[PDB]
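A.B. asks: Following this: a sequence and the matching experimental structure.
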Amino acid sequence: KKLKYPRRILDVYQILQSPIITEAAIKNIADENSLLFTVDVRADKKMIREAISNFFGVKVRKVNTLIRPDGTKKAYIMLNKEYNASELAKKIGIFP
Amino acid sequence: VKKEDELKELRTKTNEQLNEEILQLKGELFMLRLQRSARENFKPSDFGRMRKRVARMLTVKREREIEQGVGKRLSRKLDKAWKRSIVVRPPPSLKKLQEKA
Amino acid sequence: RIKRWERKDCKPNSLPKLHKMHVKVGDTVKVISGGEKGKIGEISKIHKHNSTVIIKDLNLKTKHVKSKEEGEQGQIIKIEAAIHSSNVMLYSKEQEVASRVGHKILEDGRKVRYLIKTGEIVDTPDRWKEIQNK
Amino acid sequence: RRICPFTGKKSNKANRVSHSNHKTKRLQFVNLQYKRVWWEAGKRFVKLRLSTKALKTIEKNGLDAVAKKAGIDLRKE
RNA sequence: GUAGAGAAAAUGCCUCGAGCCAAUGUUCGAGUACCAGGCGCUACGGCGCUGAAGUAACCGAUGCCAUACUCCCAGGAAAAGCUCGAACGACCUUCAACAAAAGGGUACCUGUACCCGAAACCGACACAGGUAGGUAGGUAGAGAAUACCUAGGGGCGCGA
RNA sequence: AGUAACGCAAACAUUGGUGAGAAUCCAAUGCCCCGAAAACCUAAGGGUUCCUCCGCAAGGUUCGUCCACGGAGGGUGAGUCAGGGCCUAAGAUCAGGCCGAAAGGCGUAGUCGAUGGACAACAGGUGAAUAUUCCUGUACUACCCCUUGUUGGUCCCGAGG
RNA sequence: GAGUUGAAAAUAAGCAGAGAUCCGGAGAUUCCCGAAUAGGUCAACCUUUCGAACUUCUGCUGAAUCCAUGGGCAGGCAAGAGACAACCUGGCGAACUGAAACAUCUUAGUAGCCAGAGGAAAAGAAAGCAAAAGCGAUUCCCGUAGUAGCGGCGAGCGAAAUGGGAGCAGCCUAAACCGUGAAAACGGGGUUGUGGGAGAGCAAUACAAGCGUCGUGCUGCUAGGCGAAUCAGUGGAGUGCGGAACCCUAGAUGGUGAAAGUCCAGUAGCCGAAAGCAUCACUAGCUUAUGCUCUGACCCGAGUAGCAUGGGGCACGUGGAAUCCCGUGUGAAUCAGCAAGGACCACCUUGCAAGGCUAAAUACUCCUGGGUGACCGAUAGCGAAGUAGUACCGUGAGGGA
Ligand SMILES: [Mg+2]
Ligand SMILES: [Mg+2]
Ligand SMILES: [Mg+2]
Ligand SMILES: [Mg+2]
Ligand SMILES: [Mg+2]
Ligand SMILES: [Mg+2]
Ligand SMILES: [Mg+2]
Ligand SMILES: [Mg+2]
Ligand SMILES: [Mg+2]
Ligand SMILES: [Mg+2]
Ligand SMILES: [Mg+2]
Ligand SMILES: [Mg+2]
Ligand SMILES: [Mg+2]
Ligand SMILES: [Mg+2]
Ligand SMILES: [Mg+2]
Ligand SMILES: [Mg+2]
Ligand SMILES: [Mg+2]
Ligand SMILES: [Mg+2]
Ligand SMILES: [Mg+2]
Ligand SMILES: [Mg+2]
Ligand SMILES: [Mg+2]
Ligand SMILES: [Mg+2]
Ligand SMILES: [Mg+2]
Ligand SMILES: [Mg+2]
Ligand SMILES: [Mg+2]
Ligand SMILES: [Mg+2]
Ligand SMILES: [Mg+2]
Ligand SMILES: [Mg+2]
Ligand SMILES: [Mg+2]
Ligand SMILES: [Mg+2]
Ligand SMILES: [Mg+2]
Ligand SMILES: [Mg+2]
Ligand SMILES: [Mg+2]
Ligand SMILES: [Mg+2]
Ligand SMILES: [Mg+2]
Ligand SMILES: [Mg+2]
Ligand SMILES: [Mg+2]
Ligand SMILES: [Mg+2]
Ligand SMILES: [Mg+2]
Ligand SMILES: [Mg+2]
Ligand SMILES: [Mg+2]
Ligand SMILES: [Mg+2]
Ligand SMILES: [Mg+2]
Ligand SMILES: [Mg+2]
Ligand SMILES: [Mg+2]
Ligand SMILES: [Mg+2]
Ligand SMILES: [Mg+2]
Ligand SMILES: [Mg+2]
Ligand SMILES: [Mg+2]
Ligand SMILES: [Mg+2]
Ligand SMILES: [Mg+2]
Ligand SMILES: [Mg+2]
Ligand SMILES: [Mg+2]
Ligand SMILES: [Mg+2]
Ligand SMILES: [Mg+2]
Ligand SMILES: [Mg+2]
Ligand SMILES: [Mg+2]
Ligand SMILES: [Mg+2]
Ligand SMILES: [Mg+2]
Ligand SMILES: [Mg+2]
Ligand SMILES: [Mg+2]
Ligand SMILES: [Mg+2]
Ligand SMILES: [Mg+2]
Ligand SMILES: [Mg+2]
Ligand SMILES: [Mg+2]
Ligand SMILES: [Mg+2]
Ligand SMILES: [Mg+2]
Ligand SMILES: [Mg+2]
Ligand SMILES: [Mg+2]
Ligand SMILES: [Mg+2]
Ligand SMILES: [Mg+2]
Ligand SMILES: [Mg+2]
Ligand SMILES: [Mg+2]
Ligand SMILES: [Mg+2]
Ligand SMILES: [Mg+2]
Ligand SMILES: [Mg+2]
Ligand SMILES: [Mg+2]
Ligand SMILES: [Mg+2]
Ligand SMILES: [Mg+2]
Ligand SMILES: [Mg+2]
Ligand SMILES: [Mg+2]
Ligand SMILES: [Mg+2]
Ligand SMILES: [Mg+2]
Ligand SMILES: [Mg+2]
Ligand SMILES: [Mg+2]
Ligand SMILES: [Mg+2]
Ligand SMILES: [Mg+2]
Ligand SMILES: [Mg+2]
Ligand SMILES: [Mg+2]
Ligand SMILES: [Mg+2]
Ligand SMILES: [Mg+2]
Ligand SMILES: [Mg+2]
Ligand SMILES: [Mg+2]
Ligand SMILES: [Mg+2]
Ligand SMILES: [Mg+2]
Ligand SMILES: [Mg+2]
Ligand SMILES: [Mg+2]
Ligand SMILES: [Mg+2]
Ligand SMILES: [Mg+2]
Ligand SMILES: [Mg+2]
Ligand SMILES: [Mg+2]
Ligand SMILES: [Mg+2]
């Protein structure tokens, strides 16, 4: 009916803070085609889906969030099976 | 001398142009934050330069709004509005250079 | 290291309190007090909290350095240690004399420093460019 | 509260004194009544708590004088 | 179906129906799954490779039907989702709304580690103690008692 | 006073291994104890104690190469599991309202409040540390999308459940 | 005016004489909780139709009910709400204690709690003191004076007037009357006391005095700048010592390898503000205003004063108990009056209650800026010279190194 209010008011350019690069994440890329991104605690799944969908220009299957014991949201982004993960891994600078 | 120049350049633009410009900047800031983590060599000075650029822009924007006659409440309302209508677009800086490549 | 009370003094905005002092970096001075008394030099670094200066050949200290990198190789290095700015006076090379320093105004619309035992101007218009390019 | 709106009467603080002189805290209360009063200028009654002194004064000066001095609108009553 | 101020309901009169109920069962899901072994490697830790048979009988629950029954007196929550519907009031109205069987799509926050008949909670302790619930194998036995065992876990953080 | 004690009378033993150093750390082989637990899991609580690498000052009733200890680096993935986006009980707050030196007290609609009502997911695999959450299979809810069929639907209210 | 990116090094990059870092004025932004205020919650979260809730304000709308009230809708940078050491005002208001017991009395209208407001608050322009002579709103100090008195005449409590100082300041309104209305209101007039005002006539008029947008003024505050004068010797270092010199409108203070007028920062002295703040003058303007004569009929603050009872407070405990202020009940008089002068009456003196508002002198320290200290120096001084209201303890209030 009305304008679609995003669940909170955030500014999208600050929500995806960084790729998390460790031995763990890289094989999630290899096996799952799933990126690992530390994001703003206040950020949701719909926000993250639009953000990556527009930013890197890839259609994203499903998102899974997490909250560290340190209070920092962490997101598994599993892309579709059409777009290969390692594509975006080279495009970003995460080397498998 | 970059500061005075950049500010004279800022106060001569229009509102829409400022908005757009701001968005573009924040995006470039994103791509920068990506490079940091990738440990690809880059310039530590750049975060400062860019962030503060954005600042100066916003400041100018608000300073105009005050001449128009708008209050703090009205300000914050129209700001929530603008932040709701924001769509992410890929940063013209470096994402357009991986679209082309 | 730093004895907890010997740390840097502070303003309410957290920024340290800087002593004002009479000397710049490119300057030449003579050492009035300390075992280095009488020696002439030029200033390199200057710390504006302690009010201390460092001079290339002066106040030499023999420092042992342990380089353990897969082998044990040591090094005995001689460094320069800071000396207190109240122990040095500006030195004129020309008439070869160490003096106090006053301020004077030049017609350019400029404010400079001079030695009061001579009347010799210290600061050169290009001094800072001369030091940056070094 | 035990207070008359119209004269502003308060309960008064008083010692009950025995034959022995031994004092005691006590309250003398305003004499308050729940009365309806006729209001001619409203053609209607008004329910009020009143001191009796107030009732008197309403007989003497008329209700409207009293309510105007006390600043209470008969309409909102 | 009808009747009364009477839509649905309740209530009264009339009618049509001999089946109904629900654990469980058969079949798909389900096999090139899983698995005894077999082959080979051993960083001798684990790993790659191929896989036979996969049914029947008797015990049998404190679990399921099940608010199913029979009995008793002490007489055993509310509200929403849900199903039905005229008048009254409000609002919305055409490719708008609602009604359906398929088809494709789409997917909000927070918890999630570990311990929990405890060295991690509660007892000031790495303390012979306290701590709701769930699952309930064998032989003997009335049994969740006892004794001896399986699975799994342990040999009590001073010894001689 | 180098005395009492070292926290059950389930019980240890040997061979290798690592190591400067082993009654105590790892593995193997015996032996022994619990088994309506001294097993596995979950609520509450705790709060990072979990995992790997490094360490052995203090802690550990001895020891220590070890650790629930210290140092670094990691780890918790849900439309369907559990709560919230649903509903109310005890109770709580309570617009207006009644009362009261003040603070407040009582109380109606309302709104909170699960220990209850409602509501949709299972098997196998992976696995240094997560799994009805990630993978592969079949499922299932709630919306949206189109076709077709009707013209009124929606809430308020009347009812059955 | 030169180096800089907090404590706080190291590393990496920048920014910088077209003036960085830095210092001051004025703005800007200010996530979430908190009065918390879109609705909810277990503070720092959730749900949302995105909203300052509610109360006052402006407008539209208009229940039972004609006018109204309530309710509904909308506008609005929108008044309040909360916080705040001590001081202050009001409201409630103890007990241990003292009395060598205790009950009247004392402690004490203290503590505590609640509410309120300010830089002070309160009080305050004589219905007052006094005594036959005079004073001239209030507050504060000295004194009167531990006097007069009060008091189970016990414990104890305890004035005032005259006198000396600090500090000074006086104003608005009701009613009679005249305008406007049907009112209730509004506008003029009018405010005093050894009496005024309204009423009726005749004179004077220009100065004086009080308030205050705007604005260069003055000064001060919030950044700063200039600022005199010494050398060698002496064992780690010289400011000490011996030996020479010098400045002083500067011999305050801090630092410096060791004690310094002459080494550094400074001090005396002297300059300096685009912006804001503050006291002052000026500032268009706004305010007011006199004079006499006649008239006791008009007014001069009513459920008031007083009276009867019940109390409270006054130094004053019901006492011969005034003055003051409250419950219950009664209930006047207008200046030919009324009140006060410590029961009460007469006389005389003084004063004008039942409407308001007002600066200073005085109280205080969570603090800010200067200064001093026969103040502390780590068991002291603040609980706290380091994570200090921390660790730890407690369900919690709280305790607390
Ligand atoms: Mg994973
Ligand atoms: Mg989750
Ligand atoms: Mg040290
Ligand atoms: Mg020295
Ligand atoms: Mg019917
Ligand atoms: Mg019918
Ligand atoms: Mg029927
Ligand atoms: Mg049988
Ligand atoms: Mg039974
Ligand atoms: Mg039954
Ligand atoms: Mg209708
Ligand atoms: Mg239907
Ligand atoms: Mg888990
Ligand atoms: Mg688990
Ligand atoms: Mg136990
Ligand atoms: Mg033990
Ligand atoms: Mg135990
Ligand atoms: Mg058995
Ligand atoms: Mg037997
Ligand atoms: Mg048997
Ligand atoms: Mg047993
Ligand atoms: Mg076993
Ligand atoms: Mg003995
Ligand atoms: Mg013995
Ligand atoms: Mg013994
Ligand atoms: Mg013992
Ligand atoms: Mg033991
Ligand atoms: Mg056994
Ligand atoms: Mg165990
Ligand atoms: Mg376990
Ligand atoms: Mg739990
Ligand atoms: Mg730890
Ligand atoms: Mg472990
Ligand atoms: Mg040890
Ligand atoms: Mg030991
Ligand atoms: Mg070792
Ligand atoms: Mg550890
Ligand atoms: Mg209830
Ligand atoms: Mg209540
Ligand atoms: Mg109320
Ligand atoms: Mg209720
Ligand atoms: Mg609820
Ligand atoms: Mg439940
Ligand atoms: Mg649910
Ligand atoms: Mg569920
Ligand atoms: Mg596990
Ligand atoms: Mg599984
Ligand atoms: Mg299968
Ligand atoms: Mg469905
Ligand atoms: Mg219903
Ligand atoms: Mg700020
Ligand atoms: Mg945020
Ligand atoms: Mg709220
Ligand atoms: Mg609230
Ligand atoms: Mg109207
Ligand atoms: Mg009407
Ligand atoms: Mg109204
Ligand atoms: Mg409103
Ligand atoms: Mg307040
Ligand atoms: Mg308050
Ligand atoms: Mg205040
Ligand atoms: Mg007593
Ligand atoms: Mg007593
Ligand atoms: Mg006594
Ligand atoms: Mg005694
Ligand atoms: Mg004052
Ligand atoms: Mg006052
Ligand atoms: Mg006067
Ligand atoms: Mg007067
Ligand atoms: Mg006097
Ligand atoms: Mg005087
Ligand atoms: Mg006077
Ligand atoms: Mg008038
Ligand atoms: Mg007048
Ligand atoms: Mg007289
Ligand atoms: Mg007279
Ligand atoms: Mg006249
Ligand atoms: Mg100077
Ligand atoms: Mg000097
Ligand atoms: Mg000397
Ligand atoms: Mg000398
Ligand atoms: Mg010196
Ligand atoms: Mg000195
Ligand atoms: Mg000066
Ligand atoms: Mg007269
Ligand atoms: Mg009386
Ligand atoms: Mg009395
Ligand atoms: Mg008396
Ligand atoms: Mg009197
Ligand atoms: Mg008197
Ligand atoms: Mg009284
Ligand atoms: Mg009376
Ligand atoms: Mg009279
Ligand atoms: Mg009298
Ligand atoms: Mg008098
Ligand atoms: Mg009078
Ligand atoms: Mg009086
Ligand atoms: Mg008066
Ligand atoms: Mg007053
Ligand atoms: Mg000590
Ligand atoms: Mg101390
Ligand atoms: Mg000592």
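C.D. replies: Yes, it's here. Residues are numbered from 1 along each chain as shown, chains lettered A, B, ... in the order given. Ligands and ions are numbered 1, 2, ... in the order given.

A.B. asks: Just the closest residue of chain A to ligand 82, please.
C.D. replies: Relative to ligand 82, the nearest point of chain A is residue A:70 (52.4 Å; C-beta to the ion). Where you see a C-beta, it was placed from the backbone N, CA and C, and this is true even at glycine.

A.B. asks: Can you report how many residues lie near that residue?
C.D. replies: 6 (other C-beta atoms under 10 Å in any protein chain shown).

A.B. asks: Just read off the phi/psi values of it.
C.D. replies: Residue A:70 adopts backbone torsions of phi -90, psi 0, taken as degrees, to the nearest 10.

A.B. asks: How about residue C:23: what's its closest non-neighbour residue?
C.D. replies: In this structure, residue C:23 finds its nearest non-sequential neighbour in residue C:85, 6.0 Å apart by C-beta to C-beta, 6 or more residues apart in numbering or on different chains.

A.B. asks: what's the distance between that neighbour and residue B:31?
C.D. replies: Per C-beta to C-beta, to the nearest Å, residue C:85 is found 47 Å from residue B:31.

A.B. asks: Work out for me the element the residue sitting nearest the centre point of chain B sits within.
C.D. replies: Geometric centre of chain B, nearest residue: residue B:22, 2.4 Å, by C-alpha atoms, centre = their mean. Using DSSP states H and E, the element containing residue B:22 is helix B:15-38.

A.B. asks: on contacts alone, who are the packing partners of the following helix or strand past that helix?
C.D. replies: Scanning forward in sequence from helix B:15-38 by DSSP H and E, the next helix or strand is helix B:44-68. Packing partners of helix B:44-68 (3 or more C-beta pairs under 8 Å, 6 or more residues apart in numbering or on different chains; DSSP states H and E): helix B:2-10, helix B:15-38.

A.B. asks: Pick the most buried one from those helices.
C.D. replies: helix B:15-38 (a mean of 17; mean count of other C-beta atoms under 10 Å in any protein chain shown).

A.B. asks: Surely residue B:99 and residue A:57 touch.
C.D. replies: Yes. Judged on C-beta atoms under 8 Å, residue B:99 makes contact with residue A:57 at a distance of 7.5 Å.

A.B. asks: residues near the residue nearest to residue C:23, how many?
C.D. replies: 19.

A.B. asks: right, is the helix or strand containing residue C:91 up against RNA strand G?
C.D. replies: Element membership for residue C:91 (DSSP H and E) is strand C:88-92. Yes. On the criterion C-beta under 7 Å from any atom of the strand, strand C:88-92 is in touch with RNA strand G at residue C:89.

A.B. asks: which residues touch that strand?
C.D. replies: With contact meaning C-beta atoms under 8 Å, 6 or more residues apart in numbering or on different chains, strand C:88-92 is reached by C:22-23, C:27-32, C:40, C:53, C:55, C:97-101, C:113, C:115, C:117-118, C:120, C:122.

A.B. asks: Could you look up the SS state of residue A:9?
C.D. replies: coil (DSSP: H, G, I helix; E, B strand; the rest coil).

A.B. asks: Please name the residues that touch it.
C.D. replies: Residue A:9 is in contact with B:80, B:83-84, counting by C-beta under 8 Å, 6+ apart.

A.B. asks: The same query, at a cut-off of 6 Å, please.
C.D. replies: B:80, B:83 (C-beta atoms under 6 Å, 6 or more residues apart in numbering or on different chains).

A.B. asks: quick one: contacts for the residue nearest to the centre of chain B?
C.D. replies: By C-beta under 6 Å, 6+ apart, the neighbours of residue B:22 are residue B:57.

A.B. asks: quick one: it and residue B:61, what's the gap?
C.D. replies: Counting by C-beta to C-beta, the gap from residue B:22 to residue B:61 is 8 Å.

A.B. asks: out of residue B:99 and residue A:57, which sits in the more crowded spot?
C.D. replies: residue A:57 (13 against 9).

A.B. asks: Name the nearest residue to that one, sequence neighbours excluded.
C.D. replies: Distances taken as C-beta to C-beta, 6+ apart put residue B:90 closest to residue A:57, at 6.3 Å, once the chain neighbours are dropped.

A.B. asks: In the chain, mark out all the strands, start to finish.
C.D. replies: Answering for chain A, as no chain was given. A:16-19, A:34-39, A:62-67, A:73-78 (DSSP state E).

A.B. asks: oops, I was thinking of chain D
C.D. replies: D:12-17, D:23-28, D:32-39, D:44-51.
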